[PDB]
Amino acid sequence: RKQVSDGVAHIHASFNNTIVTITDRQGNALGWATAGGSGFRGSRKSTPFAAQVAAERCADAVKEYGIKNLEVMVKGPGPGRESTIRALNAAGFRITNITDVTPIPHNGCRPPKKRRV
Amino acid sequence: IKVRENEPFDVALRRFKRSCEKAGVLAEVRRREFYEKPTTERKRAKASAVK
Amino acid sequence: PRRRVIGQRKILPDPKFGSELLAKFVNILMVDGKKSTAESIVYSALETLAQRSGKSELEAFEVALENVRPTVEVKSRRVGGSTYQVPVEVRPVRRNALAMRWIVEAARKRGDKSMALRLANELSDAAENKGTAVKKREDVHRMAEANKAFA
RNA sequence: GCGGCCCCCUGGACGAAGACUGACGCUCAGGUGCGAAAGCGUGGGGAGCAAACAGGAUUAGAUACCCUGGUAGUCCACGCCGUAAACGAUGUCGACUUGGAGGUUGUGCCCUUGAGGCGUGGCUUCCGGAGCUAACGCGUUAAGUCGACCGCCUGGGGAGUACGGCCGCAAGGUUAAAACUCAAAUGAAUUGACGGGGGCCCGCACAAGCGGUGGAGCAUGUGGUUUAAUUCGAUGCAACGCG
RNA sequence: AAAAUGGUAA
RNA sequence: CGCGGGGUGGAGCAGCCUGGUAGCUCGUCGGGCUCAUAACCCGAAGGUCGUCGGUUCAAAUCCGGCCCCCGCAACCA
RNA sequence: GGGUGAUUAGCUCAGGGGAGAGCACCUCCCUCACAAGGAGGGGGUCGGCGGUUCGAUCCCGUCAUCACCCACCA
RNA sequence: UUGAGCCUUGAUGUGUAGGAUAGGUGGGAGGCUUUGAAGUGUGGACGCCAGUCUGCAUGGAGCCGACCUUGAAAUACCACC
Ligand SMILES: [Mg+2]
Ligand SMILES: [Mg+2]
Ligand SMILES: [Mg+2]
Ligand SMILES: [Mg+2]
Ligand SMILES: [Mg+2]
Ligand SMILES: [Mg+2]
Ligand SMILES: [Mg+2]
Ligand SMILES: [Mg+2]
Ligand SMILES: [Mg+2]
Ligand SMILES: [Mg+2]
Ligand SMILES: [Mg+2]
Ligand SMILES: [Mg+2]
Ligand SMILES: [Mg+2]
Ligand SMILES: [Mg+2]
Ligand SMILES: [Mg+2]
Ligand SMILES: [Mg+2]
Ligand SMILES: [Mg+2]
Ligand SMILES: [Mg+2]
């Protein structure tokens, strides 16, 4: 619907979960999927295999818009990150750009205290 | 970071991240390090870096 | 196993058909070192199977195995201080070793009159992939599929 | 103790050459000043973090470690507090005593005839000679050889505690005992043993398998109980179909 | 993930 | 003195309208695990239901006495 | 008494030609032990009665029950 | 701008015996056709994926239809919907 034909894939990879959101080029979301929402909750959702399954689902649910091309913006560390990009390429998308947007403070706010496990 | 890939491509080429902060900064900016821990980790880091 | 990687012990083929694979099968079925009793049971079961489905002794037996051979299985690894179930591929020889073992256990549980009748029914159902041994293969495959995240 | 950039005010150090004063120096009880963090008072500010506190877990219990929140505080102005493993656990000043490799910052000469060649200062890091040291180690930045002055020590516990004085809004700081009690307390290093330390290797140790015991009946030994006696010994593995 | 303790003298 | 509420395994508590077969934590017992003990695992045993008398074929349970305990009220002079 | 709505597995709830979910119970592995996970087996006239087409958890009226609003309330 | 709507017209309609995307009932044994039928793409939607209601376009003079079936038989045309 509305046949945008190109957008952006935002990958929010963290240590516990990975979220894939596909937007147009104006930041309007079109579809999203998560590792946690693809089954295998718990320790299994922080895995590279977890991430690609989420990417495949997010590739679905936007086929109506007829996306052909898209940039990918990668944020944060985590076991996903690279796995999602491969899945999007395998899903039949023409990847044009690959940039990471991980927020890096110029040492501003104080982080939480170190875990004493 | 930013790669403007040309039409010949099968490899991600995501190598400027290791050439840049990537995860080194994230791993170290996630828990506070009291000033004296850094000074000590710095001092031992290159006390060992001697041959 | 800790130090000495070892060789392999050879077994003679089956007298009636001259197949190593069938000779291993009677060994799995044998109990208390009674090979004559075991080979008697297997031959009776095979003959019953052949006349049930036409076909032939070896080909019918091979078809049953193909529906029970596993392809992947889980194995606890315990690397980082946590217990996982990582799937792993199965070595080709270990495939039929598990298949033959599973078939015999299924036959032993089956409640027919004679062991030969039990065995004939069990691997006959395996040929049509609906027996307990087939169910065992499906569970192993299903469990390995669930843990596909680890590799 | 001090890290973005810019401006204003301001202290000290070092180098070149020359001139100048002419012992004007060193140390310093009492005294005066400065003095991390936490804390206190008055008035502001408050994103993140986070004592106290609340809830969820873990656990035999868990007033904790872990998770979700969260107040003082952390920030600013002024005032107080005056303590830290405030450590180089090494008072200040001066003189003398083999070397090597670096860092940083000045300066003289020589073709700079690139990032060179020959000198001469300041600060700073590592390794080592003699010497010293209980040893560890220090070693021209001495813990070496000497001189000047100051501070401090005299077995462990009691105790840096009590009382008194001084200081402080408070928290407390500083000065600082005795009775009583013990024959030790302590430093460095050596050999082992041990570690929920590291490395390497082995074993039916695990993994892969097969068959059992623990349930039934009986044989046999032991414990217990009983008995006139139920003879004595063997007691984790390494006693219990054992003498 | 959890994992506490070991009577006197010799 | 008056009015309410209770008495159930060794301890603390459920079972009351629902009179027709006492349950749940900790304890106790036996066997495991351990060099041994705790913790942990498995399997058992434990009950005039305060007492006495009634109506019911049948009473922890419904009624009426007695004992013990707890909580309220006891004012105007 | 009128109106509005409802009754579906042991529980919480969906749905003119198909009773669906999630939680419960027993097994399977899994785990030191668990735990936490994944896999099978079930377990309902879809409240009864009656009513059209071939039936029709779906449609209609009556019962038994539940919820609300209202009448009633002398 | 958006719904509630409100009053008109076009479509709407799979178990199953079958040509099957049988909506019930009837007038009902004939129609529209240059107020364009046939051979082909087009797009919203759907689906137990049968292809359909659907816009136009090269196109230009035809077949349905009772028939085999089903519990049901022609959306042949019309109408109560
Ligand atoms: Mg955190
Ligand atoms: Mg003084
Ligand atoms: Mg402060
Ligand atoms: Mg303050
Ligand atoms: Mg304030
Ligand atoms: Mg916290
Ligand atoms: Mg001091
Ligand atoms: Mg220091
Ligand atoms: Mg000192
Ligand atoms: Mg030295
Ligand atoms: Mg004092
Ligand atoms: Mg005092
Ligand atoms: Mg084993
Ligand atoms: Mg026995
Ligand atoms: Mg004896
Ligand atoms: Mg003895
Ligand atoms: Mg003895
Ligand atoms: Mg023996």
Side-chain angles (χ1 to χ4, degrees), chain A residues 1-3 14-17 35-36 38-47 49-50 53 63-66 103-117, chain B residues 29-40 42-51, chain C residues 1-6 8-9 24 26-35 38 70 72-91 93-102 104-106 108-109 130-150:
Chain A
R1 201 100 74 90
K2 275 80 74 166
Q3 296 296 113
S14 56
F15 285 123
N16 290 315
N17 198 357
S38 304
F40 62 88
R41 293 216 85 260
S43 179
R44 305 177 172 44
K45 82 179 155 146
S46 62
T47 57
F49 178 82
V53 168
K63 65 179 73 174
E64 293 82 3
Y65 300 88
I104 297 301
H106 295 172
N107 64 6
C109 283
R110 176 161 175 153
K113 69 177 169 163
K114 186 180 289 293
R115 294 182 81 222
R116 216 146 55 245
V117 287
Chain B
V29 303
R30 49 140 166 71
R31 300 272 142 63
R32 234 271 313 212
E33 242 218 315
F34 89 118
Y35 336 123
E36 292 328 281
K37 217 168 12 232
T39 279
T40 219
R42 215 202 184 103
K43 182 175 174 66
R44 65 182 180 179
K46 64 179 73 175
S48 78
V50 298
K51 278 80 68 174
Chain C
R2 168 145 266 163
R3 151 185 291 291
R4 193 69 66 196
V5 176
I6 49 172
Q8 168 48 249
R9 188 179 308 103
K24 179 68 91 179
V26 295
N27 277 349
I28 299 297
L29 193 142
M30 182 179 72
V31 70
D32 305 334
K34 292 190 168 196
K35 207 182 267 277
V72 65
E73 65 183 1
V74 296
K75 66 182 290 294
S76 292
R77 194 186 286 271
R78 276 272 265 166
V79 181
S82 62
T83 182
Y84 294 156
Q85 273 178 132
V86 305
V88 67
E89 62 86 20
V90 185
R91 186 175 64 249
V93 65
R94 182 163 164 76
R95 282 174 192 254
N96 47 38
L98 282 176
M100 293 182 286
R101 190 186 308 156
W102 288 343
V104 169
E105 318 187 321
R108 300 247 188 77
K109 293 182 183 293
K130 66 178 72 66
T132 312
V134 175
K135 186 180 289 293
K136 182 62 66 68
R137 174 194 60 78
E138 289 163 353
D139 288 293
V140 160
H141 273 201
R142 188 179 300 127
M143 185 180 288
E145 182 48 272
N147 294 315
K148 185 177 180 180
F150 316 120

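Chain letters run A, B, ... following the sequence lines, proteins first and then strands; every chain starts at 1.
- When distances are taken from the side chain of C:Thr83 to each of D:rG209, D:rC49, G:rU31, the shortest belongs to G:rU31.
- Considering only side-chain atoms of A:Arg115, the nucleotide from G:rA39, D:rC66, D:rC202 that sits closest is D:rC66.
- Between D:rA170 and D:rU220 there is no base pair of the Watson-Crick or G-U wobble kind with both of its two distances under 3.5 Å.
- Across the P atoms, D:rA60 and G:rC34 are found 15 Å apart, a figure rounded to whole Å.
- For the P atom pair drawn from D:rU231 and D:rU222, the interatomic distance equals 10 Å after rounding to whole Å.
- Applying the 3.5 Å cutoff to both bonds, F:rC26 and F:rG10 register as a Watson-Crick or G-U wobble pair.
- In this structure, H:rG60 forms no base pair with any nucleotide, since neither Watson-Crick nor G-U wobble geometry is met with both distances under 3.5 Å.
- Sugar pucker of D:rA159 is south, as judged by a negative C1'-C2'-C3'-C4' dihedral.
- D:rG70: no Watson-Crick or G-U partner with both key distances under 3.5 Å is found in any strand.
- Of the candidates D:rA205, D:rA51, G:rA39, D:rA51 carries the atom nearest the A:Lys113 side chain, counting heavy atoms from C-beta on.
- By the 4.0 Å N-to-carboxylate-O rule, C:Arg142 lies close enough to C:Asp139 to be salt-bridged with it.
- Between the CZ atom of C:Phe150 and the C1' atom of G:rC30 there is a distance of 12 Å, given to the nearest Å.
- Within the 4.0 angstrom heavy-atom criterion, only backbone atoms of the sugar-phosphate kind lie near A:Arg116; the bases stay farther away.
- D:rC146 sits 38 Å from D:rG103 when the P atoms are compared, rounded to a whole Å.
- Residues A:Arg44 and A:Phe49 fail the side-chain proximity criterion, which asks for heavy atoms closer than 4.5 Å.
- Base-pair partner of F:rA58: not found among the strands shown (Watson-Crick or G-U wobble, both distances under 3.5 Å).
- Rounded to an integer number of Å, the gap from NZ of C:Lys148 to P of G:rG37 is 23 Å.
- The residue C:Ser76 sits close only to the backbone: its heavy atoms come under 4.0 Å of sugar-phosphate atoms, none of a base.
- A Watson-Crick or G-U wobble pair links H:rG30 with H:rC64, both defining distances under 3.5 Å.
- Remark: the bases of D:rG165 and D:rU174 meet in a Watson-Crick or G-U wobble pair, both edge contacts within less than 3.5 Å.
- Nucleotides D:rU92 and D:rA148 satisfy the base-pair criterion: a Watson-Crick or G-U wobble arrangement whose two donor-acceptor distances both fall under 3.5 Å.
- Comparing D:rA51 with D:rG31, their P atoms sit 43 Å apart, to the nearest whole Å.
- In this structure, D:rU42 and D:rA77 make a Watson-Crick or G-U wobble pair, each of the two defining distances being under 3.5 angstrom.
- Counting any heavy atom pair closer than 4.0 Å across all strands shown, A:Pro111 reaches sugar-phosphate atoms only and no base atom.
- Closest to the side chain of A:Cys109, from the set D:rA47, G:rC29, G:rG37, is D:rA47.
- Rounded to the nearest Å, the gap between the P atom of G:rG3 and that of G:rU62 is 9 Å.
- For D:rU141, the glycosidic angle deviates from 0 by more than 90°, giving an anti base.
- Pair assignment for F:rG4 gives F:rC70, based on Watson-Crick or G-U wobble hydrogen-bonding distances that are each under 3.5 Å.
- Distance check on atom P: F:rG10 versus F:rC29 gives 15 Å, rounded to whole Å.
- For A:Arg1, the side-chain atoms get nearest to H:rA45 when compared with the rest of D:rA208, H:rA45, G:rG38.
- Of the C1' atoms belonging to D:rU190 and D:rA134, the separation is 14 Å, rounded to the nearest Å.
- If you take CZ of B:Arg31 and P of D:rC49, they are 12 Å apart, rounded to a whole angstrom.
- Pairing check for D:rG119 against D:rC34: the two fail the Watson-Crick or G-U wobble geometry, since the two atom distances are not both under 3.5 Å.
- Distances were taken from every side-chain heavy atom of A:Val117 (C-beta onward) to each of D:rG209, D:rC66, G:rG40; the shortest belongs to D:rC66.
- Nucleotide G:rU27 has G:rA39 as its partner under the Watson-Crick or G-U criteria, with both atom distances under 3.5 Å.
- When side chains are defined from C-beta on, C:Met100 does not count as touching C:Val104, because their heavy atoms never get closer than 4.5 Å.
- Proximity of a side-chain donor or acceptor of C:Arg95 to a complementary backbone N or O of C:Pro70 within less than 3.5 Å is detected.
- Residue C:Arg3 places its side chain closer to D:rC202 than to any other of D:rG48, G:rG37, D:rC202.
- In this entry H:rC67 carries a south-puckered sugar, per its negative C1'-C2'-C3'-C4' angle.
- South is the pucker assigned to the sugar of H:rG65, its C1'-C2'-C3'-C4' torsion being negative.
- Taking atom CZ of residue A:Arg110 and atom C1' of nucleotide D:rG48, one finds them 9 Å apart after rounding to whole Å.
- D:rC14 and D:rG39 have their P atoms separated by 42 Å, given to the nearest Å.
- A negative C1'-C2'-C3'-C4' dihedral is found for the sugar of D:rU63, placing it in the south range.
- Pairing partner, D:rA179: none, since no Watson-Crick or wobble contact has both distances short of 3.5 Å.
- To the nearest angstrom, P of D:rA208 lies 14 Å from CH2 of C:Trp102.
- Taken together, H:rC67 and H:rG13 fail the test for a Watson-Crick or G-U wobble pair, since the two needed distances are not both under 3.5 Å.
- Base pairing of F:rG43 is made with F:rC29, judged by Watson-Crick or G-U wobble geometry with both donor-acceptor distances under 3.5 Å.
- South puckering is assigned to the sugar ring of F:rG20, since its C1'-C2'-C3'-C4' angle is below zero.
- Judged by Watson-Crick and G-U wobble geometry, where both atom pairs must sit under 3.5 Å apart, D:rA219 and D:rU32 do not count as a base pair.
- Atom CZ of C:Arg101 and atom CD of C:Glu105 lie 7.0 Å apart (nearest 0.5 Å).
- From C:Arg78, atom CZ reaches atom OH of C:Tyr84 across 11.0 Å, with rounding to the nearest 0.5 Å.
- Per the geometry, NZ belonging to C:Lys75 stands 14 Å off P belonging to G:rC30, to the nearest Å.
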